[PDB]
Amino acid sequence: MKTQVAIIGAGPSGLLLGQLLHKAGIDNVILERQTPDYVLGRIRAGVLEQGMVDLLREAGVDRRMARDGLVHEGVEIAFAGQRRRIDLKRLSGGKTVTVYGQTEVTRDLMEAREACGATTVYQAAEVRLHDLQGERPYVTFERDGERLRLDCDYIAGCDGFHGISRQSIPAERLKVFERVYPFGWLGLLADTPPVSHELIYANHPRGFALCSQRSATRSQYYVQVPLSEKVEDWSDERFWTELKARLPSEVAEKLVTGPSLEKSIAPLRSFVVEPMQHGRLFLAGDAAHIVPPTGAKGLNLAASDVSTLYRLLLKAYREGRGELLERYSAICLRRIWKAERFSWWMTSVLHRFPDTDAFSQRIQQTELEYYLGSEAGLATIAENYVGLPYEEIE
């Protein structure tokens, strides 16, 4: 097989890069290890930044999002029994975020790629990368009993945290930065109406809690739990009871509870690798970094990495400026680090950390009061929450 850009992974990153490349007239092939239904089987929510929304539109995959997506002009943080609203729209001059699940976004992308007939090979096993530092790199994989080869000009590793692309880079060239948090998120998806039309991030002595929604008909709640907790030890009633206990009475009072469609505990971790490329190989999304869920920036960083790579690829193919691709990592990393910083900040002010002393507890409460009670503080949250502007190339 022969293509211009080989894409490893058919998740959000890979699908979005490929559709953008498709519309731009740049040949591309996506190799996915799992099956279409397997990828679609991963149920993930989502809070899309303006930048990602624009990118999806530019990709020609926004019809369903515009119809089913939920535009939020604000977000709330609860602490000390009070609800403090951050007017994102007003504080940013008009920017908003759109609540539309990653599952739906992935589905939309798969339908668009399937419809245009772009190349995608599902169940592509034993993917291996070759000659990355040459001008003729290629990928090998095994599908339906045979060994196939894919020659290309560039390779985009969009294969997630456990993909093969990051592992195909000599460890001596990479620098890893990571952090694991002393707690996880117990989540519960329900078909009951949300307790609020905007998300509610809550800080409470017993621990963190979040009131959100996956769609107009699906509610999603979370409560902080220690790392050793067993989802099985948490019945729906125990979850509802703990959740209400971490929210202001006015909110817990009008909350509608119901049987859980799904429940699980997710860890919170940070991971960043530098650089994010090697020769003709470029990493994007989870293959290059992980952020804690607190900022809902994971899906958004995947989008921005793809935007940068896509824009740099155009420069290479349409202006013979392939040298600019060398700046891919530095550009992405500047945004990735700010996103890691903001997620870290949100996580630190909202969660209960073990063995924390009186001073730390007081400082945390003061962080919330200062930031939510100051226009400048409110602005720092707003601009970060809606997403910082994508850095223009060069």
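All residue numbers are counted from 1 along the displayed sequence.
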So, looking at the entry's B-factor column for Cα atoms, which has the higher mean, 62 to 70 or 350 to 358? 62 to 70
If you average the CA temperature factors as listed in the entry, which stretch comes out higher, 277 to 285 or 93 to 101? 93 to 101
Residue selected from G184, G157, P292, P193 by maximal Cα B factor: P193
For the listed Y310, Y317, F177, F79, which has the peak Cα B-factor recorded in the PDB entry? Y317
Please place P226 in the lowest, middle or highest third of its chain according to the CA B-factor in the PDB entry. middle
Grab the CA temperature factor for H162 from the record and place it in the lowest, middle or highest third of its chain. middle
Considering every modelled residue of the chain and its Cα B-factor in the PDB entry, is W234 in the lowest, middle or highest third? highest
Could you look up the Cα B-factor of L199 in the entry and say which third of the chain it sits in: lowest, middle or highest? lowest
Modelled-residue ranking by C-alpha temperature factor, third containing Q133: highest
